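Heads up: the structure comes next, in structure tokens.
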Amino acid sequence: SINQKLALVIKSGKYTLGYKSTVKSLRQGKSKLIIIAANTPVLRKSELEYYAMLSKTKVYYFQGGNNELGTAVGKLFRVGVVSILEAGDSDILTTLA
Amino acid sequence: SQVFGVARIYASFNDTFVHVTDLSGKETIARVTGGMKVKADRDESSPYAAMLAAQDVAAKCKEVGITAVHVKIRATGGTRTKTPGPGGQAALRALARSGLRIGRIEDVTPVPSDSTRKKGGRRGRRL
Amino acid sequence: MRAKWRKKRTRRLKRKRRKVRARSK
Amino acid sequence: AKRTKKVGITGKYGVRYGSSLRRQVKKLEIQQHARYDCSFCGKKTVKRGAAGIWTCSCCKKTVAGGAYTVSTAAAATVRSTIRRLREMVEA
Amino acid sequence: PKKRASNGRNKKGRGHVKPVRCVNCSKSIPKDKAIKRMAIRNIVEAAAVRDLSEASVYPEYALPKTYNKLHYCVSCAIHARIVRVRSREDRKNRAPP
Amino acid sequence: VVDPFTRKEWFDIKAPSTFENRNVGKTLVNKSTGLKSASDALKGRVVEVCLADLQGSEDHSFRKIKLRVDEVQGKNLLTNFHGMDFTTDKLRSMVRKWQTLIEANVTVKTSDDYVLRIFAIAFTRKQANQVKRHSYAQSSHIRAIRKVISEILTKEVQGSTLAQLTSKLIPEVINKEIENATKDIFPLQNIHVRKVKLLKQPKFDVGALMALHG
Amino acid sequence: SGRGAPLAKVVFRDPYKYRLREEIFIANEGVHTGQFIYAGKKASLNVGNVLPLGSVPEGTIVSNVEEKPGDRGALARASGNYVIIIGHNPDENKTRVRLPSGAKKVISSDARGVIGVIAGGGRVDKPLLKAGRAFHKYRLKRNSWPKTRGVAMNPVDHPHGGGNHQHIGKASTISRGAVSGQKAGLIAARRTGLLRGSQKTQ
RNA sequence: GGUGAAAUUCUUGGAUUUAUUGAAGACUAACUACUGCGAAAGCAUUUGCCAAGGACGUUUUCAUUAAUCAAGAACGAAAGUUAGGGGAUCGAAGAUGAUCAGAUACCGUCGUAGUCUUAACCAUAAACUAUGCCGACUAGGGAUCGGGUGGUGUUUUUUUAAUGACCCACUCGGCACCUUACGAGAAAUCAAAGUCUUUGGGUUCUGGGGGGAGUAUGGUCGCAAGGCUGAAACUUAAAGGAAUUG
Ligand SMILES: [Mg+2]
Ligand SMILES: [Mg+2]
Ligand SMILES: [Mg+2]
Ligand SMILES: [Mg+2]
Ligand SMILES: [Mg+2]
Ligand SMILES: [Mg+2]
Ligand SMILES: [Mg+2]
Ligand SMILES: [Mg+2]
Ligand SMILES: [Mg+2]
Ligand SMILES: [Mg+2]
Ligand SMILES: [Mg+2]
Ligand SMILES: [Mg+2]
Ligand SMILES: [Mg+2]
Ligand SMILES: [Mg+2]
Ligand SMILES: [Mg+2]
Ligand SMILES: [Mg+2]
Ligand SMILES: [Mg+2]
Ligand SMILES: [Mg+2]
Ligand SMILES: [Mg+2]
Ligand SMILES: [Mg+2]
Ligand SMILES: [Mg+2]
Ligand SMILES: [Mg+2]
Ligand SMILES: [Mg+2]
Ligand SMILES: [Mg+2]
Ligand SMILES: [Mg+2]
Ligand SMILES: [Mg+2]
Ligand SMILES: [Mg+2]
Ligand SMILES: [Mg+2]
Ligand SMILES: [Mg+2]
Ligand SMILES: [Mg+2]
Ligand SMILES: [Mg+2]
Ligand SMILES: [Zn+2]
Ligand SMILES: [Zn+2]
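So the protein lines, in turn, are chains AD, P, AO, AQ, b, C and j.
Throughout the first sequence, residue numbering follows PDB author numbering, covering 9 to 105 in sequence.
Throughout the second sequence, residue numbering follows PDB author numbering, covering 11 to 137 in sequence.
Throughout the third sequence, residue numbering follows PDB author numbering, covering 1 to 25 in sequence.
Throughout the fourth sequence, residue numbering follows PDB author numbering, covering 2 to 92 in sequence.
Throughout the fifth sequence, residue numbering follows PDB author numbering, covering 2 to 98 in sequence.
Throughout the sixth sequence, residue numbering follows PDB author numbering, covering 20 to 233 in sequence.
Throughout the seventh sequence, residue numbering follows PDB author numbering, covering 52 to 253 in sequence.
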């Protein structure tokens with residue numbers, strides 16, 4: 009699964025959780041991949057996708073609501089979007105995703 | 011090598027059936043075998059009676075005309091003894107001897123994948 | 001009488017006795 | 002400390018109407034009062050009122066549902082078979 | 002006391018076996034305890050096979066038979082089929098013959 | 020006397036291109052007067068012909084076949100494919116005690132849109148030098164075999180049309196086209212293509228059925 | 052008010068005028084505010100949309116079904132009710148369906164229905180538990196509650212009236228051909244007594 | 001039609017039969033075995049997912065962390081109870097047809113509940129190996145399941161290996177069978193039911209003539225049906241076990 013490959017980025021690399029911090033990342037280009045929960049609204053989805061295309065950042069639609077994405081990133085709260093800035097040693101930036 | 015049809019033999023216990031029909035399925039025959047020449051109500055399955063009525067069966071078969079036919083025999087089965095009846099073989103033999111040509115055969119006894127629990131309960135028929 | 005029938009007879013007997021004094025409950 | 006061994010919320014009815022009627026009521030009572038999980042935002046903030054109406058506290062969405070539960074058994078089973086019959090008309 | 006070490010037939014270390022029902026009376030009987038006899042009897046008879054073949058097409062092409070496994074209930078098995086109540090020590094012989 | 024001897028007409032049938040000889044024979048159906056007449060209510064049947072009955076030597080005698088009548092015109096009655104089956108004799112003779120059975124099925128389509136569920140049957144072969152009368156497989160084997168059977172099975176079907184499909188199983192080499200795969204896993208006596216049964220087809224397509232005659 | 056099932060206000064554009072028209076539908080279970088509804092023959096099969104019975108395959112579930120094409124909804128309108136399409140006769144273009152009552156009526160394929168089942172289901176499973184809840188229930192439907200048993204009235208008030216004891220006095224089953232004033236009790240009852248059995252038509 | 005034989009039954013409604021064919025729920029035949037797995041109950045079509053487990057292998061790690069267990073708890077066939085659904089099948093009840101002196105039955109017919117599933121209970125079965133668990137010792141034998149080791153063993157031939165399946169020998173842990181009896185037992189029989197008047201490895205439980213009676217009474221569990229705990233007065237010389245002869 010990919011929850012595995014992602015769980016290594018929290019313990020190894022640098023990331024940012026939250027819709028607002030994720031867009032400053034997409035504006036400064038530091039984002040290489042952004043994970044979007046299943047339940048997150050479509051309006052925000054297309055918006056994040058727009059910023060991604062502008063930052064030429066790739067996206068991955070996480071199958072599972074923000075509740076699942078939060079408990080997946082190891083946090084105890086809903087996470088609607090994640091923006092990775094440094095994948096310490098995770099192949100997430102090189103796997104099929 | 012002359013003509014084909016279907017046999018459709020069926021031998022129950024205390025009755026038996028025999029009736030030909032076109033190999034296309036819906037079709038027809040004359041079909042009266044079981045309690046036709048024998049009326050005692052227990053000799054229905056009896057072989058002496060299976061032939062007595064199977065005789066009149068081949069008659070109509072040849073009355074309209076069918077030289078050869080293959081069999082499809084079937085026991086009551088389904089859920090009760092899955093096995094041939096007394097007047098099953100005692101009928102086509104009296105008919106193969108009646109100047110009838112036969113060939114590819116196979117039975118069509120219905121057998122399930124162990125379901126539709128039988129009668130009598132777990133103690134069955136008690137005698 | 002059969003063993004399981006003695007049980008049933010006794011079960012009934014207690015049910016009747018049980019009822020009989022619930023009248024005086 | 003535990004206040005009631007069995008009545009729970011149905012204690013308001015006191016001793017009236019019979020244990021059976023009260024018991025069965027508590028069942029639907031519990032359902033229609035509890036907070037469910039919202040399918041559009043992920044927070045358990047969708048409560049009832051006007052049975053068959055389930056609205057999320059935040060995200061302000063309102064979903065039509067069962068008189069006492071958001072998803073009724075029938076509707077859930079229908080969702081399944083509608084997905085089935087729908088997947089059958091594009092491929 | 003016991004009068005057979007199996008106390009049934011063929012069951013040690015399983016607890017429960019699905020039950021089959023007797024062919025004769027339909028009574029239920031555990032498969033491991035049901036006396037089994039495979040009945041392979043042909044469509045044949047003493048003088049019925051010659052009439053069958055001469056006046057017919059397919060000059061003895063296949064000649065197939067009936068195949069079906071039978072399971073009896075000891076009570077029914079003892080009545081007609083192979084029970085043949087044995088002697089104290091003659092019964093321990095499982096030689097089919 | 021009603022005398023339904025001089026009652027109605029007898030119609031003829033043959034078999035598609037696939038086989039060597041095709042004469043099916045004849046049937047009896049009804050008066051062709053139009054109130055409720057022939058054809059509109061005729062071509063909805065099937066017949067049970069053996070394979071060696073219309074192909075040749077009975078090295079193909081086990082296989083039974085169903086032929087779906089599709090369309091008719093003046094005394095034409097040609098019938099396309101409808102399925103197949105084995106025969107009680109063969110299957111009941113192949114299920115021997117002291118060995119393990121293997122059954123598997125898959126639902127696919129051919130190009131001649133038809134989605135079909137096929138069936139296969141196989142058993143265990145005792146090695147020449149074997150000494151154990153049980154001759155059994157191992158679950159790992161049985162699951163793996165099913166996979167290769169399933170995989171192989173949905174290659175021919177969806178790999179060609181119904182015509183070539185029928186022309187593909189009559190030589191029966193697919194039976195051992197499984198064996199080359201199984202030769203690396205387990206002996207597997209009696210590997211076959213025992214049954215096939217279907218559901219539907221695209222609307223009639225009168226023009227395509229005429230490509231089985233000559 | 053006075054209805055078990057919840058309503059769904061759905062806004063559409065007027066194809067013939069720059070103006071909004073707001074239809075009032077019966078909310079099917081699962082519908083939500085801000086949802087997108089599609090209406091027409093060439094619509095998708097999503098719970099909430101409304102398509103003609105012809106455009107849907109067998110086994111579909113629909114409510115507020117039209118008895119005749121274009122009557123804006125006639126069948127399966129109560130809380131948690133629905134109809135199931137059990138066949139199509141493309142010639143005469145009919146469509147046979149099963150209604151909540153179990154009866155299987157056949158209607159035009161151009162008749163429309165809404166995918167899904169009505170919301171507010173299971174409302175009848177909760178006991179009322181007191182005349183007050185029944186009182187408030189009918190306070191919004193009509194003046195049909197409470198009901199006096201005709202056997203408690205004098206003969207001048209009802210057929211079952213009168214008697215030194217409370218009894219109906221004659222068969223409680225009444226002929227369909229009866230007259231207004233005598234049709235009180237079990238009207239045209241084909242049977243009577245406690246129903247013990249299958250209770251589901253084949 | 002059904003049975004030993006019949007009858008209630010079903011048939012201008014074309015029944016039983018056939019043909020194409022669809023629906024519903026249930027089940028997994030054959031393969032199936034002195035074969036496997038799980039604490040027991042119990043578990044047999046396919047595949048995907050979810051976590052889980054024993055035997056083996058082991059020059060890995062921890063290092064006595066264990067054995068058995070009143071109280072307490074997990075699960076627990078069948079039937080049965082509550083709320084839905086389901087309700088094809090067979091089918092307590094009931095009603096019938098036949099039988100009998102009688103026949104509430106056995107055989108036949110109809111068929112409610114039930115049978116199935118979800119949520120919650122109930123907690124008993126000859127729930128059986130009528131046989132506590134952990135440890136050790138004592139005896140011969142060929143099968144077989146799983147793991148493993150050993151090979152100028154056979155087969156696949158591809159071109160021979162690699163493999164895979166098979167053959168042989170061994171070893172650990174399985175389900176069992178067989179022959180012996182040193183030995184045990186009241187015997188039937190038992191590789192434990194043996195290693196006991198030459199009586200002591202650890203530990204849990206129960207029994208003390210038969211009835212009375214699993215009754216009465218209290219307590220407690222359950223919606224109930226019931227479960228668990230559980231006497232006595234009195235009565236009685238046998239009841240019982242395995243084996244032998246009739
Ligand atoms: Mg007897
Ligand atoms: Mg006495
Ligand atoms: Mg009182
Ligand atoms: Mg005895
Ligand atoms: Mg047993
Ligand atoms: Mg048991
Ligand atoms: Mg009033
Ligand atoms: Mg009233
Ligand atoms: Mg009143
Ligand atoms: Mg009065
Ligand atoms: Mg009056
Ligand atoms: Mg009057
Ligand atoms: Mg009166
Ligand atoms: Mg009264
Ligand atoms: Mg199977
Ligand atoms: Mg205590
Ligand atoms: Mg039922
Ligand atoms: Mg009765
Ligand atoms: Mg008698
Ligand atoms: Mg009587
Ligand atoms: Mg009675
Ligand atoms: Mg019956
Ligand atoms: Mg006990
Ligand atoms: Mg036992
Ligand atoms: Mg033992
Ligand atoms: Mg004892
Ligand atoms: Mg030994
Ligand atoms: Mg080796
Ligand atoms: Mg060993
Ligand atoms: Mg001795
Ligand atoms: Mg001795
Ligand atoms: Zn919300
Ligand atoms: Zn029997």
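Using N, Cα and C, we set each Cβ at its ideal position, and we do this for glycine too.
Residue state for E116(P) is assigned as strand, using DSSP reduced to three classes. For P2(b), the three-state secondary structure derived from DSSP is coil. Counted as a single uninterrupted DSSP element, the alpha helix (DSSP H) harbouring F186(j) occupies residues 182 to 190. For chain C, the residues of the stretch 57 to 83 of chain b that bring a beta carbon within less than 8 Å of one of its beta carbons are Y62, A63, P65, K66, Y68, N69, in chain order.
Counting the other Cβ atoms within 10 Å of the Cβ of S55(P) gives 16 or more, which makes it buried. In the DSSP secondary-structure assignment, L172(C) is not bridged to any residue.
Taking the Cβ of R23(AO) as the reference point, at least one heavy atom of ligand 3 falls within a distance shorter than 6 Å. Cβ neighbours of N132(j) within its own chain (closer than 6 Å, five residues either side excluded): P151, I169. Listed in chain order, the positions of the stretch 78 to 107 of chain C with a beta carbon within less than 7 Å of a beta carbon of chain P are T106, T107. Judged by DSSP secondary structure, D52(b) falls within the alpha helix (DSSP H) whose first and last residues are 50 to 55. A distance criterion of 6 Å places the beta-carbon of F85(AD) beyond contact range of ligand 32, judged by its closest non-hydrogen atom. Shown here, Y68(AD) sits in a strand according to DSSP, grouped into three states. Annotation for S33(AD): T24, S39, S91 place their beta carbon closer than 6 Å to its own, counting only its chain and skipping 5 residues before and after.
The residues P120, in chain order, have a CB closer than 6 Å to that of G88(P) in the same chain once the five nearest residues on each side in sequence are set aside.
Residues of chain P whose Cβ lies closer than 8 Å to the Cβ of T46(C) are, in chain order, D32, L33, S34, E37. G131(j) has its Cβ no nearer than 6 Å to any heavy atom of ligand 13. Between the alpha carbons of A71(C) and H79(C) lies a distance of about 5 Å. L126(j) sits in a strand when the DSSP states are folded into three classes. Of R18(P), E37(P), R136(P), the smallest CA-CA separation from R64(C) is found for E37(P). For the pair of segments examined, the stretch 46 to 65 of chain C was found not to touch the stretch 180 to 196 of chain C: the number of CB pairs separated by less than 8 Å stays below three.
For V215(C), no Cβ of chain P is located within less than 7 Å of the residue's own Cβ. Taking all protein chains in view, the Cβ of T43(P) is crowded by 16 or more other Cβ atoms within 10 Å, so the residue is classified as buried. Its chain contains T224, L237 as the residues whose beta carbon lies nearer than 7 Å to that of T243(j), once the 5 sequence neighbours on both sides are disregarded; these appear in chain order. Contact between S154(C) and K145(C) holds: their C-beta atoms lie close to 4 Å from each other, under 8 Å. With at least 16 other beta carbons inside 10 angstroms of its own, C39(AQ) counts as buried. For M229(C), there is no enclosing alpha helix (DSSP H), as DSSP gives it neither H nor E. Legend: CB atoms of the stretch 44 to 69 of chain P lying less than 9 Å from CB atoms of chain C are not found in any residue.
The stretch 105 to 155 of chain C is shown to contain whole alpha helix (DSSP H) runs of 4 or more residues at 107 to 113, in chain order. The beta strand (DSSP E) runs lying completely inside the stretch 36 to 67 of chain C and spanning 3 residues or more are 44 to 47, given in chain order.
Taking a contact to require three or more Cβ pairs closer than 8 Å, the stretch 22 to 30 of chain P and the stretch 30 to 43 of chain C do not qualify as touching. Sequence-distant partners of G214(j) (beyond 5 residues in either direction) whose C-beta falls short of 7 Å from its own C-beta, in its chain, are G220. For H211(C), the enclosing beta strand (DSSP E) covers residues 211 to 217. In terms of CA proximity to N124(C), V134(C) leads the group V134(C), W117(C), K116(C), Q118(C). Contact with chain j is found for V64(AQ), since one of that chain's Cβ atoms lies less than 7 Å from the residue's Cβ. Nearest in C-alpha terms to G226(C), of all of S112(C), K219(C), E90(C), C69(C), is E90(C).
Distances from the CA of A17(P) to each of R127(P), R114(P), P122(P) were compared; the closest alpha carbon is that of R114(P).
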